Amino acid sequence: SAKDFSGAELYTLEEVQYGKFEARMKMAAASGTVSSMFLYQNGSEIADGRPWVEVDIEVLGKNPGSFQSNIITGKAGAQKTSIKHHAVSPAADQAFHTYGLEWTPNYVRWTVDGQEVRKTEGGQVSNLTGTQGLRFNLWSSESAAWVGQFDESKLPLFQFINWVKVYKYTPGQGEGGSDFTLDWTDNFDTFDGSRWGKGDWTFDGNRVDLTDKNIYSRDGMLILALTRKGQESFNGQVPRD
């Protein structure tokens, strides 16, 4: 509650089991920063039992021309991971891109602008038990070894989310016999608190406090902000998509 910088974490109030998730966005990048789009079983992090369930897309500000895919299963203190690296062109902070995650009982699939960059079948996928919510966050890590020196002269930084679409898993049903049917679309003309929640917390390793001030709708785009506390409001024009 006392750090000098603020960041963001947006999360769907409801979690689901299987589905397709798409977010049209332009990311923020700078040495030290981290932003991800990820499926997440809330409570996975609580040492008291329960498996860890998570699927990530993560962009490290020091190299916006690339991102990592990952599946984390197991349980805190014995989690299995599968970090892979992928290229993005143009760099995630120079243009809008459609990032997609697909999760069925048999495979997890990652896509950018509707093109596949990874598909995992079986294995860890089998241990993605229960539900997961859809999350997006923007922060800075203290581990310079992982994210790079924290380039403070670069703040304020802003990520822009134009829209999100969430589809249900309907094996065979859906266009061209695909496995998903559109459930809902959020074009972000407003922050819909009946659908989304904003984090208000932090952790050891996070140079920033995630606060509800760092997420807000502006000109038809959702904005996630990384800035000095009190400086969360964007000035200037929203990038066009």
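From 1 onward, residues are counted along the sequence shown.
According to the PDB record, 145-153 carries the higher mean C-alpha B-factor of the two stretches 145-153 and 100-108.
Averaged over their C-alpha atoms, the temperature factors of 44-52 and 205-213 are higher for 44-52. Take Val166, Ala92, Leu134, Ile72 and read off each C-alpha B-factor from the entry; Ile72 has the highest. Ranked by C-alpha B-factor against the other modelled residues of its chain, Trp184 falls in the middle third. Sort the modelled residues of the chain by CA B factor and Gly197 lands in the lowest third. Residue-level temperature factors show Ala78 in the highest third of its chain, judged at the C-alpha atom. Among the modelled residues of the chain, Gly176 sits in the highest third by CA temperature factor in this PDB entry. Ranked by Cα temperature factor within the chain, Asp219 sits in the highest third according to the deposited record.
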